[PDB]
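Enquirer: After the structure tokens below, expect a handful of questions from me.
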Amino acid sequence: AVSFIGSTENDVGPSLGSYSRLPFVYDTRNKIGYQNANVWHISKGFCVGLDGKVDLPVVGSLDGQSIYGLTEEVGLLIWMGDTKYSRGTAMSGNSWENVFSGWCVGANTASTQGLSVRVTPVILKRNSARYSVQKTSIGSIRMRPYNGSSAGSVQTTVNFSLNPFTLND
Ligand SMILES: CC(=O)N[C@@H]1[C@@H](O)[C@H](O)[C@@H](CO)O[C@H]1O
């Protein structure tokens with residue numbers, strides 16, 4: 001079986017977080033992220049993976065992944081995937097992409113399916129040596145059942161918004 005147990009709207013990163021160092025990529029590791037091991041409860045052989053989609057405009061590229069734009073001065077590299085941040089899939093474009101190939105829980109057991117979203121800031125332009133970014137809608141992640149598993153009457157999609165932050169130049 002499957003049931004939705006998480007939240008529809010999720011914030012990425014600590015609000016008002018500040019990060020210090022073209023394009024220039026800020027090393028923020030996993031600090032600007034959202035992670036929740038338990039978004040769907042699954043059991044008895046349910047098989048599920050994850051699809052992700054970024055709605056921000058693509059303003060460039062870096063090593064194969066899109067630089068998504070927030071402001072004329074700030075962009076973002078974005079990853080979406082299974083719970084642990086190391087499993088993140090680098091996002092490109094604006095279409096649904098497979099960000100977690102999936103797994104099946106046991107026939108006689110139960111567990112949960114989670115997810116993570118992580119971004120790293122990119123300075124596109126310079127300017128009081130500071131860059132502010134308002135709360136911004138990023139995109140979404142939808143569970144992707146397989147092997148005959150069914151979404152049934154369950155919420156399949158959750159959204160993500162980037163919490164406001166400040167970059168120090
Ligand atoms: C740690 C936990 O409670 N549940 C994890 C879940 O977050 C993850 O999506 C899934 C597939 O890797 O594996 C479960 O064990």
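Here's how to read the names in the structure tokens: chain A, B, ... by the order shown, residue numbers from 1 in each chain, ligand numbers from 1 in the order shown.
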Let me have all residues with an atom within 12 Å of ligand 1, counting only C-alpha atoms and all ligand atoms, laid out as JSON, numbers by chain.

Expert: {"A": [5, 6, 35, 36, 37, 38, 39, 40, 41, 42, 43, 46, 47, 48, 49, 50, 81, 82, 83, 84, 85, 86, 87, 88, 99, 100, 101, 102, 103, 104, 105, 106, 109, 110, 111, 112, 113, 114, 115, 116, 143]}

Enquirer: Please, could you write that set of residues out with C-alpha atoms as a compact mmCIF listing (two decimals), in the first residue's frame?

Expert:
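Generated output (selection.txt):
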```
# COMPACT_ATOMS: atom_id res chain seq x y z
CA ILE A 5 2.39 11.43 5.02
CA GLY A 6 4.44 14.52 4.33
CA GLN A 35 15.26 16.62 3.29
CA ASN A 36 12.50 14.43 4.65
CA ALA A 37 12.85 10.66 4.91
CA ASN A 38 9.13 10.24 5.25
CA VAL A 39 6.92 11.70 2.56
CA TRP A 40 4.98 8.53 1.68
CA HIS A 41 4.36 5.46 3.80
CA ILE A 42 4.69 2.30 1.70
CA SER A 43 4.19 -1.40 2.27
CA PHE A 46 4.91 -1.30 -3.23
CA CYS A 47 7.61 -0.20 -5.75
CA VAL A 48 8.39 3.49 -6.05
CA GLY A 49 10.87 5.99 -7.49
CA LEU A 50 10.86 9.80 -7.90
CA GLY A 81 16.45 12.88 -5.41
CA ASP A 82 15.99 10.27 -2.72
CA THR A 83 16.33 11.18 0.96
CA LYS A 84 20.11 11.22 1.46
CA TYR A 85 21.74 14.29 -0.14
CA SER A 86 24.48 12.19 -1.78
CA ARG A 87 21.76 10.49 -3.88
CA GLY A 88 20.72 13.78 -5.47
CA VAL A 99 15.71 11.65 -10.01
CA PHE A 100 15.52 8.32 -8.17
CA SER A 101 15.35 5.00 -10.02
CA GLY A 102 13.44 3.45 -7.12
CA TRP A 103 13.04 0.48 -4.82
CA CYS A 104 10.35 -1.93 -3.65
CA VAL A 105 9.53 -2.45 0.01
CA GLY A 106 9.02 -6.06 1.17
CA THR A 109 6.66 -5.24 5.53
CA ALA A 110 6.44 -1.47 5.65
CA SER A 111 8.69 1.54 5.47
CA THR A 112 8.73 5.06 4.04
CA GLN A 113 9.80 6.88 0.87
CA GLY A 114 11.49 10.24 1.27
CA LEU A 115 13.25 12.86 -0.82
CA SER A 116 15.74 15.71 -0.88
CA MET A 143 6.41 9.86 -6.59
```

Enquirer: Return as JSON, numbers by chain the full set of residues in stretch 10-160 of chain A whose backbone-based DSSP assignment is strand (DSSP E or B).

Expert: {"A": [10, 11, 12, 17, 18, 19, 20, 24, 25, 33, 34, 35, 36, 37, 38, 39, 40, 41, 42, 43, 47, 48, 49, 50, 51, 52, 53, 54, 58, 59, 60, 61, 62, 65, 66, 67, 68, 69, 74, 75, 76, 77, 78, 79, 80, 81, 89, 90, 97, 98, 99, 100, 101, 102, 103, 104, 110, 111, 112, 113, 114, 115, 116, 117, 118, 119, 120, 121, 122, 123, 130, 131, 132, 133, 136, 137, 138, 139, 140, 141, 142, 143, 144, 145, 146, 157, 158, 159, 160]}

Enquirer: A:167, A:144, A:107, A:3: which is nearest residue A:44, counting only C-alpha atoms?

Expert: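 The answer is A:107, which sits nearest to residue A:44.
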
Enquirer: Counting only C-alpha atoms, figure out which residue out of A:130, A:53, A:142, A:118 gets nearest to residue A:18.

Expert: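 Smallest separation from residue A:18 among the options: A:130.
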
Enquirer: Quick one: residues within 10 Å of stretch 57-72 of chain A, only C-alpha atoms, excluding same-chain residues fewer than 6 positions away - as a list in words?

Expert: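 Non-adjacent residues within range: residues 23, 25, 78, 79, 89, 90, 91, 92, 93, 94, 119, 120, 121, 122, 123, 124, 125, 126, 131, 132, 133, 134, 135, 136, 137, 138 and 162 of chain A.
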
Enquirer: Would you write out those residues with N, CA, C and O atoms, as an mmCIF file, in the first residue's frame?

Expert:
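What ended up in part38.cif:
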```cif
data_model
loop_
_atom_site.group_PDB
_atom_site.id
_atom_site.type_symbol
_atom_site.label_atom_id
_atom_site.label_comp_id
_atom_site.auth_asym_id
_atom_site.auth_seq_id
_atom_site.Cartn_x
_atom_site.Cartn_y
_atom_site.Cartn_z
ATOM 1 N N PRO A 23 30.701 32.789 -14.314
ATOM 2 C CA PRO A 23 29.991 32.617 -13.035
ATOM 3 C C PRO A 23 30.847 32.153 -11.857
ATOM 4 O O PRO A 23 31.887 31.528 -12.035
ATOM 5 N N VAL A 25 30.522 29.962 -8.375
ATOM 6 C CA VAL A 25 29.727 29.000 -7.624
ATOM 7 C C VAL A 25 30.115 28.963 -6.151
ATOM 8 O O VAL A 25 31.272 28.719 -5.816
ATOM 9 N N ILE A 78 20.897 22.926 -9.040
ATOM 10 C CA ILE A 78 19.868 22.240 -8.238
ATOM 11 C C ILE A 78 19.971 20.733 -8.370
ATOM 12 O O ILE A 78 20.288 20.239 -9.454
ATOM 13 N N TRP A 79 19.730 20.013 -7.264
ATOM 14 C CA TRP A 79 19.711 18.549 -7.248
ATOM 15 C C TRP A 79 18.398 18.107 -6.595
ATOM 16 O O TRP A 79 17.914 18.755 -5.661
ATOM 17 N N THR A 89 20.153 13.982 -7.802
ATOM 18 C CA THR A 89 20.333 13.975 -9.253
ATOM 19 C C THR A 89 20.372 15.425 -9.722
ATOM 20 O O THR A 89 19.470 16.237 -9.418
ATOM 21 N N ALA A 90 21.436 15.774 -10.449
ATOM 22 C CA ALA A 90 21.566 17.138 -10.935
ATOM 23 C C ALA A 90 20.469 17.385 -11.964
ATOM 24 O O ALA A 90 20.204 16.552 -12.867
ATOM 25 N N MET A 91 19.788 18.523 -11.795
ATOM 26 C CA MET A 91 18.692 18.901 -12.662
ATOM 27 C C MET A 91 19.093 19.760 -13.856
ATOM 28 O O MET A 91 19.957 20.639 -13.742
ATOM 29 N N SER A 92 18.452 19.478 -14.983
ATOM 30 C CA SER A 92 18.613 20.234 -16.219
ATOM 31 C C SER A 92 17.246 20.436 -16.854
ATOM 32 O O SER A 92 16.352 19.579 -16.764
ATOM 33 N N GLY A 93 17.064 21.582 -17.494
ATOM 34 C CA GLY A 93 15.795 21.809 -18.137
ATOM 35 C C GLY A 93 14.610 22.003 -17.216
ATOM 36 O O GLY A 93 14.742 22.120 -15.982
ATOM 37 N N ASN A 94 13.443 22.020 -17.852
ATOM 38 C CA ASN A 94 12.177 22.280 -17.211
ATOM 39 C C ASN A 94 11.156 21.156 -17.310
ATOM 40 O O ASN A 94 9.991 21.391 -17.076
ATOM 41 N N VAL A 119 20.353 22.976 -3.292
ATOM 42 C CA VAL A 119 20.811 23.918 -4.321
ATOM 43 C C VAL A 119 22.112 24.574 -3.885
ATOM 44 O O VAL A 119 22.448 24.595 -2.687
ATOM 45 N N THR A 120 22.886 25.056 -4.860
ATOM 46 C CA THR A 120 24.100 25.805 -4.537
ATOM 47 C C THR A 120 23.963 27.108 -5.347
ATOM 48 O O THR A 120 23.584 27.095 -6.528
ATOM 49 N N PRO A 121 24.253 28.247 -4.716
ATOM 50 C CA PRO A 121 24.156 29.568 -5.350
ATOM 51 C C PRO A 121 25.253 29.805 -6.359
ATOM 52 O O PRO A 121 26.345 29.288 -6.220
ATOM 53 N N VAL A 122 24.947 30.638 -7.344
ATOM 54 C CA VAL A 122 25.888 30.985 -8.401
ATOM 55 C C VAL A 122 25.772 32.494 -8.584
ATOM 56 O O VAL A 122 24.663 33.015 -8.663
ATOM 57 N N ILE A 123 26.892 33.207 -8.596
ATOM 58 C CA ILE A 123 26.802 34.647 -8.840
ATOM 59 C C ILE A 123 26.933 34.824 -10.346
ATOM 60 O O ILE A 123 27.898 34.344 -10.947
ATOM 61 N N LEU A 124 25.950 35.489 -10.943
ATOM 62 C CA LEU A 124 25.931 35.731 -12.383
ATOM 63 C C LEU A 124 26.458 37.131 -12.680
ATOM 64 O O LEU A 124 27.114 37.360 -13.702
ATOM 65 N N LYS A 125 26.159 38.061 -11.778
ATOM 66 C CA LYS A 125 26.608 39.446 -11.911
ATOM 67 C C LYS A 125 27.026 39.973 -10.548
ATOM 68 O O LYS A 125 26.635 39.424 -9.518
ATOM 69 N N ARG A 126 27.849 41.012 -10.523
ATOM 70 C CA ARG A 126 28.255 41.581 -9.247
ATOM 71 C C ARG A 126 27.521 42.899 -9.004
ATOM 72 O O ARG A 126 26.771 43.383 -9.876
ATOM 73 N N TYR A 131 24.058 40.012 -1.794
ATOM 74 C CA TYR A 131 22.996 39.661 -2.717
ATOM 75 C C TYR A 131 21.870 39.038 -1.914
ATOM 76 O O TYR A 131 22.080 38.064 -1.200
ATOM 77 N N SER A 132 20.679 39.608 -2.011
ATOM 78 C CA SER A 132 19.530 39.057 -1.301
ATOM 79 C C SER A 132 18.675 38.297 -2.294
ATOM 80 O O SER A 132 18.633 38.613 -3.490
ATOM 81 N N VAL A 133 18.004 37.272 -1.802
ATOM 82 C CA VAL A 133 17.120 36.504 -2.647
ATOM 83 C C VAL A 133 15.868 36.255 -1.820
ATOM 84 O O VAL A 133 15.961 35.846 -0.659
ATOM 85 N N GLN A 134 14.710 36.558 -2.409
ATOM 86 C CA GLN A 134 13.422 36.384 -1.751
ATOM 87 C C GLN A 134 12.984 34.924 -1.843
ATOM 88 O O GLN A 134 13.579 34.133 -2.582
ATOM 89 N N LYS A 135 11.933 34.572 -1.112
ATOM 90 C CA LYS A 135 11.416 33.208 -1.145
ATOM 91 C C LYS A 135 10.961 32.962 -2.581
ATOM 92 O O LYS A 135 10.232 33.763 -3.153
ATOM 93 N N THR A 136 11.393 31.839 -3.159
ATOM 94 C CA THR A 136 11.092 31.530 -4.553
ATOM 95 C C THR A 136 10.662 30.097 -4.806
ATOM 96 O O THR A 136 11.300 29.150 -4.342
ATOM 97 N N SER A 137 9.605 29.954 -5.586
ATOM 98 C CA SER A 137 9.131 28.627 -5.981
ATOM 99 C C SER A 137 10.214 27.988 -6.881
ATOM 100 O O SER A 137 10.671 28.607 -7.847
ATOM 101 N N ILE A 138 10.625 26.761 -6.542
ATOM 102 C CA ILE A 138 11.666 26.009 -7.270
ATOM 103 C C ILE A 138 11.088 25.023 -8.282
ATOM 104 O O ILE A 138 11.446 25.011 -9.464
ATOM 105 N N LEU A 162 12.440 28.008 -2.351
ATOM 106 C CA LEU A 162 13.724 28.372 -1.801
ATOM 107 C C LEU A 162 13.487 29.422 -0.709
ATOM 108 O O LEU A 162 12.846 30.458 -0.971
#
```

Enquirer: Please provide as a list in words all residues within 9 Å of residue A:21, with the sequence filter that same-chain residues fewer than 5 positions apart are discarded (counting only C-alpha atoms).

Expert: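 Those residues are residues 26, 27, 28, 167, 168 and 169 of chain A.
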
Enquirer: So what do you get for atom CA of residue A:22 versus atom CA of residue A:55, distance-wise?

Expert: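 So the answer is 23.5 Å.
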
Enquirer: Write out as a compact mmCIF listing (two decimals) with N, CA and C atoms, in the first residue's frame which residues come within 8 Å of residue A:34 when counting only C-alpha atoms, dropping same-chain ones fewer than 5 positions away.

Expert:
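Everything below was put into result-v3.txt:
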```
# COMPACT_ATOMS: atom_id res chain seq x y z
N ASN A 10 7.13 22.70 0.79
CA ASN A 10 8.36 22.50 1.54
C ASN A 10 9.40 23.59 1.27
N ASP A 11 10.05 24.09 2.33
CA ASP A 11 11.07 25.13 2.17
C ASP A 11 12.49 24.59 2.15
N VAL A 12 13.27 25.08 1.20
CA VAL A 12 14.65 24.67 1.04
C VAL A 12 15.64 25.66 1.68
N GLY A 13 16.46 25.14 2.60
CA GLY A 13 17.47 25.94 3.27
C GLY A 13 16.98 26.71 4.48
N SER A 116 14.90 14.58 -1.24
CA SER A 116 15.74 15.71 -0.88
C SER A 116 15.87 16.66 -2.05
N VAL A 117 16.01 17.93 -1.73
CA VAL A 117 16.24 18.96 -2.74
C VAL A 117 17.40 19.77 -2.19
N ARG A 118 18.37 20.08 -3.04
CA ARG A 118 19.54 20.80 -2.59
C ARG A 118 19.94 21.77 -3.67
```

Enquirer: Pick the closest to residue A:29 from A:158, A:77, A:129, A:54: which is it, counting only C-alpha atoms?

Expert: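 Ranking A:158, A:77, A:129, A:54 by distance to residue A:29, first place goes to A:77.
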
Enquirer: State, in Å with one decimal place, the distance from atom CA of residue A:16 to atom CA of residue A:166.

Expert: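 Distance reported for this atom pair: 6.6 Å.
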
Enquirer: Quick check, in Å to one decimal: how far apart do atom CA of residue A:164 and atom CA of residue A:14 lie?

Expert: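 Calculated distance between atom CA of residue A:164 and atom CA of residue A:14 is 8.1 Å.
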